[PDB]
Number of protein chains: 2
Amino acid sequence: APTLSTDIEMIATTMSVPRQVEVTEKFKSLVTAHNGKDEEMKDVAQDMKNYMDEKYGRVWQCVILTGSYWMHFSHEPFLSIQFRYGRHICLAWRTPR
Amino acid sequence: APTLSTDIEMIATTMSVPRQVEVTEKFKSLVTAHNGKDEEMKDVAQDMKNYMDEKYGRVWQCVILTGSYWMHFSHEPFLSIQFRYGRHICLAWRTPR
Ligand SMILES: [Cl-]
Ligand SMILES: [Cl-]
Ligand SMILES: [Cl-]
Ligand SMILES: [Cl-]
Ligand SMILES: [Hg+2]
Ligand SMILES: [Hg+2]
C-alpha cells in the first residue's frame with residue numbers, strides 16, 4: 001500500500017507502483033469528474049498530460065482509446081505507462097525537452 | 001495527382017498532400033503484405049515508424065488502433081498525421097532528437 005486499484009488493468013509500464021497508483025487514480029478522478037463521457041475525453045487527455053508534465057517532467061503524450069491498439073515509439077528505454085480503466089485504454093509516455 | 005486514395009479518410013494532418021500520399025500508400029502496402037491481420041499490426045507500426053524516421057527525420061511515434069481515440073501531445077506545432085484505412089486508425093507524429 002498504496003496499492004494498485006482492482007478496477008485498473010496494468011498492461012505495461014516501466015514506472016514504479018507508487019507512480020502507477022498516482023497516475024491511475026488521477027485518471028479515474030478525471031473520468032469521474034467528466035461523468036465518463038467519450039465526448040469530453042479530450043479534456044481528460046489534456047489534464048493527464050499537464051498533470052504528468054508538472055509531476056514527472058516534460059514532455060508527456062497521452063492517448064486515450066477504446067478497442068485494440070499496436071504501437072511503436074522507441075526500442076530504447078523511456079518513461080511509459082499503459083493501462084485500462086473500464087472501456088478506456090490510456091497510453092502515456094515521455095519524450096525529450 | 002498524386003492524389004489521396006479514396007479508401008483513406010484523412011482525419012487531421014499538418015503535412016502536405018505529397019507527404020499524405022506517401023505515408024498512406026506505405027501504410028496500405030504494409031497492411032496488405034501482412035494480410036490485414038491485427039495479430040501482426042505491431043510489425044506494421046514498427047515498419048511505419050522506421051520508414052518515417054528515414055524519410056522525414058527522427059523521432060516518429062506510430063499508434064495503430066481500432067475504435068475511438070482522444071489525444072494530446074502539444075499545443076505547439078509539430079509534424080503530425082492521423083487517418084483511417086478500413087478498420088484501422090493510424091496516428092503518427094514527430095518528437096525531438
Ligand atoms: Cl499522459
Ligand atoms: Cl514498440
Ligand atoms: Cl509512424
Ligand atoms: Cl491536443
Ligand atoms: Hg494518459
Ligand atoms: Hg502510423
Side-chain angles (χ1 to χ4, degrees), chain A residues 4 8 10-31 33-34 38 40-66 69-85 88-97, chain B residues 10-16 19-20 23 27 42 44-65 68-83 89-97:
Chain A
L4 201 64
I8 300 284
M10 197 57 50
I11 299 160
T13 184
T14 57
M15 309 179 89
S16 76
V17 172
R19 291 200 168 180
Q20 285 169 52
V21 173
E22 339 189 77
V23 172
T24 55
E25 285 312 306
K26 174 71 180 159
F27 185 80
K28 294 201 300 171
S29 68
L30 288 172
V31 169
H34 291 270
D38 285 15
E40 308 200 359
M41 279 294 109
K42 187 217 183 192
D43 304 11
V44 176
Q46 158 137 237
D47 300 332
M48 281 301 324
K49 188 273 192 293
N50 291 333
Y51 175 84
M52 293 182 83
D53 281 345
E54 211 301 307
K55 209 154 159 59
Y56 309 129
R58 297 156 302 171
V59 183
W60 290 88
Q61 34 270 124
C62 176
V63 182
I64 301 164
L65 73 98
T66 70
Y69 75 100
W70 305 269
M71 74 178 273
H72 190 64
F73 169 56
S74 175
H75 297 290
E76 290 189 300
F78 60 106
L79 295 93
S80 51
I81 187 170
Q82 297 169 57
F83 65 93
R84 191 180 57 73
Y85 175 52
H88 299 109
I89 292 171
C90 186
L91 314 179
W93 67 100
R94 199 231 241 168
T95 46
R97 304 201 89 75
Chain B
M10 197 57 50
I11 299 160
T13 184
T14 57
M15 309 179 89
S16 76
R19 291 200 168 180
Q20 285 169 52
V23 172
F27 185 80
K42 187 217 183 192
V44 176
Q46 158 137 237
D47 300 332
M48 281 301 324
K49 188 273 192 293
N50 291 333
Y51 175 84
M52 293 182 83
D53 281 345
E54 211 301 307
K55 209 154 159 59
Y56 309 129
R58 297 156 302 171
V59 183
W60 290 88
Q61 34 270 124
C62 176
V63 182
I64 301 164
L65 73 98
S68 306
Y69 75 100
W70 305 269
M71 74 178 273
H72 190 64
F73 169 56
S74 175
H75 297 290
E76 290 189 300
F78 60 106
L79 295 93
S80 51
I81 187 170
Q82 297 169 57
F83 65 93
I89 292 171
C90 186
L91 314 179
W93 67 100
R94 199 231 241 168
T95 46
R97 304 201 89 75

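Each chain gets a letter, A, B and so on, in the order its sequence line appears, and its residues count up from 1. The basis for the numbers below is simple: all heavy atoms, side chains too, and nothing from hydrogens, waters or symmetry mates.
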Does the side chain of [X] reach to within under 4.5 Å of the side chain of [Y], using non-hydrogen atoms?
X        : Y        : value
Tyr51(A) : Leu30(A) : no
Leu65(B) : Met71(A) : no
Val44(A) : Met41(A) : yes
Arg19(A) : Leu79(A) : yes
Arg94(A) : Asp53(A) : no
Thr95(A) : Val59(B) : no

Minimum heavy-atom separation for [X] to [Y], with atom names?
X        : Y        : result
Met15(A) : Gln20(A) : O-NE2, 2.9 Å
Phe27(A) : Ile64(A) : CE1-CD1, 3.8 Å
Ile81(A) : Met10(A) : CG1-SD, 4.0 Å

Tell me if the aromatic rings of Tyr69(A) and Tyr69(B) count as close, with their centers under 6.0 Å from one another.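 When the ring centroids of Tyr69(A) and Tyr69(B) are compared, they turn out to be at least 6.0 Å apart.
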Kindly say whether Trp60(A) contributes a backbone atom to a donor-acceptor pair with the side chain of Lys49(A) at under 3.5 angstrom? yes
What residues, two or more places apart in sequence or in another chain, satisfy salt bridge (charged side-chain N to carboxylate O under 4.0 Å, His left out) together with [X]?
X        : answer
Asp43(A) : none
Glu22(A) : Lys55(A)
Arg58(B) : none

Do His72(B) and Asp47(A) have a side chain donor and acceptor closer than 3.5 Å? no
Residues that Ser68(B) engages under side chain to side chain contact (heavy atoms under 4.5 Å, CB included), provided they are two or more places apart: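 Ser68(B): side chain to side chain contact (heavy atoms under 4.5 Å, CB included) contacts with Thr66(A), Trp70(B).
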Partners passing side chain to side chain contact (heavy atoms under 4.5 Å, CB included) against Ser80(B) (at least two apart in sequence or in another chain): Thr14(B), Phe78(B), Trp93(B)
List in chain and number order the residues that pass side-chain hydrogen bond (donor to acceptor under 3.5 Å, both in side chains) with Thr13(B), two or more places apart in sequence or in another chain; answer none if no residue qualifies.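 Partners of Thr13(B) by the side-chain hydrogen bond (donor to acceptor under 3.5 Å, both in side chains) criterion come out as none, since no residue qualifies.
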Determine whether more than 12 heavy atoms belonging to other residues, nucleotides or ligands lie under 6.0 Å from atom NZ of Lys42(B). no
Quick one: pull up SG in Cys90(A) and CD in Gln82(A) and give me the separation to the nearest 0.5 Å. 9.5 Å
From SG (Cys62(B)) to CE (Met52(B)), nearest 0.5 Å: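 So the gap between those two atoms works out to 8.0 Å.
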Does the pair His88(A) and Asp38(A) meet the rule for a side-chain contact (heavy atoms from CB on, under 4.5 Å), with working shown? CA-CA 9 Å; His88(A) 299 109; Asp38(A) 285 15; 2.9 Å; yes
